[PDB]
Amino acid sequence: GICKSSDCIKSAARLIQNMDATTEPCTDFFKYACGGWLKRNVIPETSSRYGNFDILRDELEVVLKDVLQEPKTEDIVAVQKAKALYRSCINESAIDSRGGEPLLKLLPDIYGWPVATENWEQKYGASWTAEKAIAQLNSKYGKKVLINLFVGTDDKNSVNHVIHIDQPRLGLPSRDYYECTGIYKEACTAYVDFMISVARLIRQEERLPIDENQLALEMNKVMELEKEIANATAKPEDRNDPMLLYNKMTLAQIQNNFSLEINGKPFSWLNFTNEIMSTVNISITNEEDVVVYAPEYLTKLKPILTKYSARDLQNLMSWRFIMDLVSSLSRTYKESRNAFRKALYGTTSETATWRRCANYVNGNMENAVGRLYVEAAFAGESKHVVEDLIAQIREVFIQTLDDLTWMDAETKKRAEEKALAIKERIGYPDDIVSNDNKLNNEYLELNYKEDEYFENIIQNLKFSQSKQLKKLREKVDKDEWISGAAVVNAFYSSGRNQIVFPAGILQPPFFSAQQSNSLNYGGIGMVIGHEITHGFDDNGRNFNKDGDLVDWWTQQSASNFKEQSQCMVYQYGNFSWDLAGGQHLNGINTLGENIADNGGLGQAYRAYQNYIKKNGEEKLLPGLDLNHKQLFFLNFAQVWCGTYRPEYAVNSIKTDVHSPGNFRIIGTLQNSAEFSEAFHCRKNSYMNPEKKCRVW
């Protein structure tokens, strides 16, 4: 009584080859489920982490290579542009023959780079202002420095767009790096070395005298400046509550309550915002409503920038943009980034060019490329089976509301309302395949030259930013997908109350219409519950059924939610990551994701129980001394088989809101009595602690 189909056999082979049965499931289920895989594999030199997700993504890149590399006589314009963009990206010979000349032509348009200019104060400083300088990088090239001003959705009115003002990203992975001691020292050194390397190459190409001490001087003041900005930014721990983060006020209020003296001139928030919004012929007045997400950061920023000069600021300003462009120039400029890349990611080589390019074209033309990917690699049968699964999971979540003892009736009724209102996106939007006109018009304003790769990417920055700035006065399009189809992930949008499962993730081990149900539920089923539970975690719970930031919790049910979720904070916060140097995981910044991982797996299991009840046991897999309840957990754990480079473990433990894959498995299964039941785990074994956390 065993399944012997071709599809059952591949499932079993993959499961057996990846697992390590000589480990005890109740001592360490990560090694039991993934020991086989870890011993067989080594992280590629071009990868910072490697595992099931990464392999499936590199596989997806191959499909994109196949469909992008050969032009076809039947291609529509939208497709012709993507292939032309791919071909310009992979030429490399054409790119190298241009040296840095594409960058030199661009620097005059961002008020130059003082370290690589001569008499910068007389050329630009005369007609230079913080308002104009920051605005030019924001509105034309989408680079947000010092002050990140962007157009987004209104958290308290998900139909409109509003102007947000938030603290900017930093050159290094996180503010923690700017200690520049111990584990962050090498990264800080490579970063400033990276500055000087680029500054030297530009001056060399401009035939300018090179004063090595003057280079070190200016570029180290840039680091002492970004150190200050970095220390002024808010922690992620202090940005977890969207209610407290949402501070709406007019531009007049901002001028009163958040002034800035920069290079003597008083900063004008009305001149800064109009310098940006004029890029699309839009006028702004002092009565404009603005949402400030980092007011604390703006106040600490006032006495930082009074100290520095227009030159000192612009040296950091342009460096943040040049930082990203050297990779798109000749190999002399590409190489200047090596020591910095290795410090942050551990990688000794750069990803294959065709792999980089396929990803770039997919990231900028995601509907045109999604069309090519689904036509070549996606079934269509799959779309309807997943709808069925999302229906089963959504109901298990509602069903489970009644069993929850820490919520009162009125909060449960409103929790059920939001759940029923969740909008689902499966596979791909049908009109990217059927409506050729709509797709061509998405890219009509774009025109790519094949020998001019650098000019193409600049076009895409301006197009990407111009289209976002134009959204200020228009309503949120509801039909829009939050992700392309050629993506191996899934997403939830609190502003839209929308879960999405692109075609890229609807393949094994996650899902297949031909693999055992125990695997589907433990795979895509757990992912579906995970995305659903995002609408109810420490952040998504603040949004109602329409994407509006509004309290719908009773004082008691809110207080209890915090109480229940504090267990998971301490659990994961007590995990030490050997790869990150024994550092502890940040249980606060990972809470939302561990809630989703724990609720999601719970919802999937109860959906597989409900299925067995209505349908019964399916046949077991060959070569596995495991029943289907144990197969459920095995496949769920094998979704996360992976490992990190030490350099990137240090990076991700600060910047990744997810737990590392190994601790997602252990933390989640430690809180699951059903796992311990399935694997008959002793009490207080490592995988079955008597104290177990639970929110959803």
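So that there is no doubt, residue numbering starts at 1 and follows the sequence shown. By rigid core we mean the largest C-alpha set that fits within 1.5 Å across both forms.
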* Asked: After a core fit, does 123 to 131 or 78 to 86 show the bigger CA gap to the shown form in 6 other deposited structures of this protein?
  -> 123 to 131
* To do: Return whichever of 408 to 416 and 502 to 510 has the greater mean Cα B factor according to the PDB record.
  => 408 to 416
* Structure fact -> As the entry reports it, the stretch among 123 to 131 and 93 to 101 with higher mean C-alpha B factor is 123 to 131
* **Maximum C-alpha temperature factor, selected from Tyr184, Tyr521, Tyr611, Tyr492** => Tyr611
* Sort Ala485, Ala376, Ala294, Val290 by C-alpha B-factor from the entry and give me just the highest. => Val290
* To do: Name the third of the chain's ranked CA B-factors that contains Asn456, choosing lowest, middle or highest.
  => middle
* Structure fact -> Tertile call for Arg645 (CA temperature factor, within chain, third-based) is the lowest
* To do: Give the position of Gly600 by CA B-factor within its chain, expressed as the lowest, middle or highest third.
  => lowest
* **CA B-factor placement of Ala216, once the chain's modelled residues are sorted into thirds** => middle
* According to the PDB entry, is the CA B factor of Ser434 in the bottom, middle or top third of its chain, that is, lowest, middle or highest? -> highest
